[PDB]
Number of protein chains: 2
Amino acid sequence: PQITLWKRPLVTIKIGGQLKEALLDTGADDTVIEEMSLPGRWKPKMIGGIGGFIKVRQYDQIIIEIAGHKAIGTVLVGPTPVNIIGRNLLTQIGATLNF
Amino acid sequence: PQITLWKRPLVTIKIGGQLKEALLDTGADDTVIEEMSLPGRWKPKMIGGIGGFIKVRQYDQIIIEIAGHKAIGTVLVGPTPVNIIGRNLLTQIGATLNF
Ligand SMILES: CCC[C@@]1(CCc2ccccc2)CC(O)=C([C@H](CC)c2cccc(NS(=O)(=O)c3ccc(C(F)(F)F)cn3)c2)C(=O)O1
Ligand SMILES: [Cl-]
Ligand SMILES: [Cl-]
Ligand SMILES: [Cl-]
Ligand code: NA
């Protein structure tokens with residue numbers, strides 16, 4: 001689609017068998033999801049943004065469906081105030097900024 | 001332009017006659033830039049990001065060039081890891097997210 005930015009660019013995702021709402025965020029290096037269980041191994045990570053840093057769990061090789069488009073990559077899980085799809089997965093669905 | 005997301009979407013902005021680098025961030029409602037002098041009065045605001053909330057100074061009706069496009073709108077000044085152009089000015093420059 002072509003998404004205008006008059007409102008927050010929220011889309012439905014599917015991750016870990018669960019349907020969720022998430023924010024498409026061109027400013028985020030990484031994808032970070034509110035607390036949930038994911039299979040496989042993880043390791044701890046600290047990531048920074050406005051407000052400072054949070055500790056998250058880093059799960060690699062996780063498949064997510066974003067607005068109908070399948071991608072795989074690293075997903076971080078931790079106390080983010082909103083689910084965020086960042087550049088590591090936006091590239092895989094061919095997202096661009098256009099003006 | 002069409003900007004892909006394999007790297008951070010950094011562009012040149014001009015504010016107050018000074019060139020700066022800023023991040024185009026579709027996950028940001030607002031534009032927040034690092035400490036600098038702006039003209040006029042300011043109002044208080046608190047904004048949230050992934051690490052919690054920060055206090056900023058809100059300046060309205062500020063002239064700012066973004067990647068060669070003119071905008072005139074609200075700029076928040078406060079502690080921020082990078083200068084962020086959010087949706088309030090991305091809409092002024094006609095930006096959309098496409099996939
Ligand atoms: C101005 C607030 C912006 C935002 C708002 C989130 C939000 C939305 C709705 C409701 C509540 C909150 C969105 C955003 O991109 C970030 C930052 C980047 C500026 C962010 C988001 C996601 C992950 C990170 N960490 S990171 O390691 O992937 C990373 C670190 C640094 C930068 C850098 F470019 F900003 F420097 C980009 N990415 C940061 C953030 O902290 O909050
Ligand atoms: Cl769960
Ligand atoms: Cl990845
Ligand atoms: Cl504005
Ligand atoms: Na894994």
Side-chain angles (χ1 to χ4, degrees), chain A residues 1-15 19-33 49-50 64-76 80-99, chain B residues 1-15 19-33 45 47-50 56 58-76 80-99:
Chain A
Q2 175 156 290
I3 303 167
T4 58
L5 294 172
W6 290 116
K7 50 201 194 162
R8 293 182 176 166
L10 294 165
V11 301
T12 299
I13 70 171
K14 190 169 180 202
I15 179 170
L19 291 172
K20 294 179 176 274
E21 178 175 84
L23 181 66
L24 303 183
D25 184 347
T26 54
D29 294 342
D30 306 331
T31 292
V32 57
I33 300 309
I50 288 281
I64 293 192
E65 181 164 33
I66 304 160
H69 288 76
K70 300 178 212 164
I72 188 169
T74 293
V75 175
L76 310 180
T80 179
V82 157
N83 298 316
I84 294 174
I85 306 310
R87 293 188 300 98
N88 73 307
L89 294 179
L90 294 171
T91 58
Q92 301 298 281
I93 70 174
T96 59
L97 263 178
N98 292 260
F99 54 96
Chain B
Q2 172 168 100
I3 300 164
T4 59
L5 295 171
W6 304 99
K7 294 192 298 91
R8 291 185 175 169
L10 296 169
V11 298
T12 300
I13 65 166
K14 188 168 60 181
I15 180 167
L19 298 181
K20 301 174 169 258
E21 179 170 81
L23 180 71
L24 304 184
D25 185 328
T26 58
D29 296 344
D30 310 302
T31 290
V32 47
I33 69 169
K45 193 176 179 74
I47 62 175
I50 62 156
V56 300
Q58 176 179 328
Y59 294 86
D60 293 325
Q61 207 163 338
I62 296 300
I63 301 171
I64 174 173
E65 193 82 4
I66 301 163
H69 293 70
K70 168 144 348 228
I72 310 177
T74 297
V75 172
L76 311 177
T80 172
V82 293
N83 297 315
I84 297 167
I85 308 308
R87 294 188 296 97
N88 74 303
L89 306 179
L90 294 168
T91 58
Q92 291 203 17
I93 73 175
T96 57
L97 187 58
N98 296 80
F99 57 92

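Proteins get letters first, then strands, A, B, ... in listed order; numbering begins at 1 in each.
In plain terms, the two heavy atoms of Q58(B) and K45(B) that are nearest each other are OE1-CD, 3.6 Å. Between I93(A) and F99(B), the shortest heavy-atom contact is O-CB, 3.5 Å. Across all their heavy atoms, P9(A) and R87(B) have their closest contact at CD-CD, 3.8 Å. When all heavy atoms of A95(B) and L5(A) are compared, the closest pair comes out as O-CD1, 3.5 Å.
Annotation: side chain of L23(A) is in contact with side chain of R8(A) (closest heavy-atom distance under 4.5 Å). Between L89(A) and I64(A), some side-chain heavy-atom pair lies under the 4.5 Å cut-off. For the pair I13(A)/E65(A), no side-chain contact is recorded, criterion being any heavy-atom separation below 4.5 Å from C-beta on.
A side-chain contact (heavy atoms from CB on, under 4.5 Å) with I33(A) holds for exactly one of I84(A), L76(A), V82(A), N83(A); it is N83(A). The side-chain contact (heavy atoms from CB on, under 4.5 Å) test with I66(A) singles out one residue from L24(A), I15(A), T12(A), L90(A), and that residue is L24(A).
Enclosure of atom NZ in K14(A) is not indicated, since only 12 or fewer non-hydrogen atoms of other residues, nucleotides or ligands lie within 6.0 angstrom.
Between the side chains of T31(B) and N88(B), a donor-acceptor pair is found at a separation under 3.5 Å. Judged by distance alone, the side chains of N98(A) and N98(B) do bring a donor and an acceptor atom under 3.5 Å apart. Side-chain atoms of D25(A) and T26(B) include no donor-acceptor pair closer than 3.5 Å.
Atom CD of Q92(A) and atom NE2 of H69(A) lie 12.0 Å apart (nearest 0.5 Å). Here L97(A) contributes atom CG and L97(B) contributes atom CG; the two are 5.5 Å apart, rounded to the nearest 0.5 Å.
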Q: Go through the steps for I3(A) and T96(B) under the test side chain to side chain contact (heavy atoms under 4.5 Å, CB included), then give the verdict.
A: CA-CA 6 Å; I3(A) 303 167; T96(B) 57; 6.0 Å; no
